[PDB]
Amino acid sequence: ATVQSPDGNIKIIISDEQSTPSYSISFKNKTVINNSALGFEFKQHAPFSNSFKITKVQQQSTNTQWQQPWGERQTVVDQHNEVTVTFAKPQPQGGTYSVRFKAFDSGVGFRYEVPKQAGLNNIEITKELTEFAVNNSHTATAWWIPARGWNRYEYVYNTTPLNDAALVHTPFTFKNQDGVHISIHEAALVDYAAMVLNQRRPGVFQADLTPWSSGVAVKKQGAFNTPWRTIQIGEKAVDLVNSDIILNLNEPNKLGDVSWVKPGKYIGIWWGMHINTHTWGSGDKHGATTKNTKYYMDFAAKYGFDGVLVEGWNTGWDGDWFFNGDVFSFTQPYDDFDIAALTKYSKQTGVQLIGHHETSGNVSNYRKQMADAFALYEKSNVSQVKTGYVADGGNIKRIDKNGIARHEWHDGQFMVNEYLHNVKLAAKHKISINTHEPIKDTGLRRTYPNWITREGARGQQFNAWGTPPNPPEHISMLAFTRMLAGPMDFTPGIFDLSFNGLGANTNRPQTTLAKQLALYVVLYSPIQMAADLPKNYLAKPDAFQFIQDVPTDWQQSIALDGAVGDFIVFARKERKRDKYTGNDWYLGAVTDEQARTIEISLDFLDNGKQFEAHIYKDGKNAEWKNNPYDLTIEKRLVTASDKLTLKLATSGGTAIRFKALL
């Protein structure tokens, strides 16, 4: 059986001639994915592996579009060809299942659909046989993070030959000798175990499902589908970025009117704890006090921020909070945090409190209190909550029905279901969720639009204490790996880079000041933190104006140019909402450790309109190690027929507001 993208460049062949059912993929008539197996092994049920033959193929197609309530673009186009291939094996130990493939111009998605059939009752998947066999893997280059490690998704990316990527998380991005870029991921991860990729024979990446502590991967009763497995394919790195395939493979919004989900910018009592000017726990340096929170709310009201995150407000942080998962209360504030007074103050100032539920990995202690915790926040005029699951890989703690503790993975079926329960319960309270230590993004924000963002990668916090901090190349890695999954709460915008001393050997963001501004356009998130202490913004009002101006919700986004681990340039048009007219464009560009010159056409600007470009760029002598603050801000009249030369310093960047003129 064969299905092709609408433009014909991607061709999938589904076969039953190999030991199992299999598929392969060509791009512009060159094989990029060799014969790759399909099937399942179960704990007790007979396997779905060899001796299955194709009995039926059903071809359909889609050419439609839909509108996002919020996002990186307003209108999402869905154009794909689709084939459902049915396989059957005669008795004994026979069975039937189908695989549905969707072929887009930008990539492929497929999933298994296992129907009701005799003997398929309570089953436990122990292995998914799905492969991604990369052709010519010996000359391919990959940019990847290890899976099943002690620090979850929070690793810097490795640059290696593809054959050295032994066990990796997704999105898993690489390029072949021809320059074709490919990224493997999944979409709509619901009631199933996350897929890790396990390189078997050279170039053959096998699905490796993250298991329960008992050892099985996925528990199902009867008929079941898998999540989508996705293979993005493009001739250029930015062709991976500019795809909507992940959203397009998710189910439509199930929450109805979600106008109560509000993109915007926020600040927080947060960074001070990471740089040790405050503590989460009680005492003379406690960050989460009534007085401190009102001070932040006053600043947010004056400078245009919607909310103030406050961590350390609830009892349980005293001591070493990493070990306090058993004792956190999610309803009882410390005596110096007056939540009723702050609720009144939020109504006076128009600035909301952003809630915080750190579990330190004990999800049963949280689940027990969750309904009361969200009821408190709904009563307290709280619309957004940051959650946390801080524990090493494989050390989620749950208490089972017999009162016995079990350790689980953050990305097993158990936690996949635990995260979605939290999001669905929050939605009943009109609360949106920002998940730190999350399951990776698989597009579920389409279906549940209150799941607004997540961490799930190294963000700004590692630049306070990472030892080492994130390297200069980190953003240009994230843009073509982590960010292919969806929005990230990176917490950009550190203006004081000197708190541990300058140079290349201290814990600090290893960037220039202008690169910190560029992050608001390079790294998409519907909520964007201005992460620094307020006084550090007051010290640099000219640079701070860009953060005050920049929106977080876009009617269109375009990655204009870039290369994995080297640089990225984004242009985005603001969505008409709140104070934003919908007429302004914004641009952000960042580089890695190298200074880089990038020529850009401005033909993304609307035809026939004049813009005033407000350009925030690295100064003449800027250099991230010892001269990161040199900054030039200039205004230039431009139209779509103009060009721009970006001159990025070492670990530098540029941020531009294109202000439409009336």
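Start at 1 with the first residue shown and count on from there.
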The stretch whose C-alpha atoms carry the larger average B-factor in the entry, 338-346 or 448-456, is 338-346
Going by the B-factors listed in the PDB entry, is the mean over the C-alpha atoms higher for 138-146 or for 93-101?
93-101
Between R200, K576, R572, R229, which carries the biggest CA temperature factor in the record?
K576
Please work out which residue in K386, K127, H169, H286 has the highest C-alpha B-factor recorded for this crystal structure.
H286
Rank-wise, by C-alpha B-factor, drop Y629 into the lowest, middle or highest third of its chain.
middle
Based on the entry's values, in what third of the chain does the Cα temperature factor of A188 lie: lowest, middle or highest?
lowest
Splitting the chain's C-alpha B-factors into thirds, which one does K643 fall into?
highest
For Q68, the third of its chain into which the C-alpha B factor falls:
middle
Thinking about Cα B factors across the chain, which third does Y295 belong to?
highest
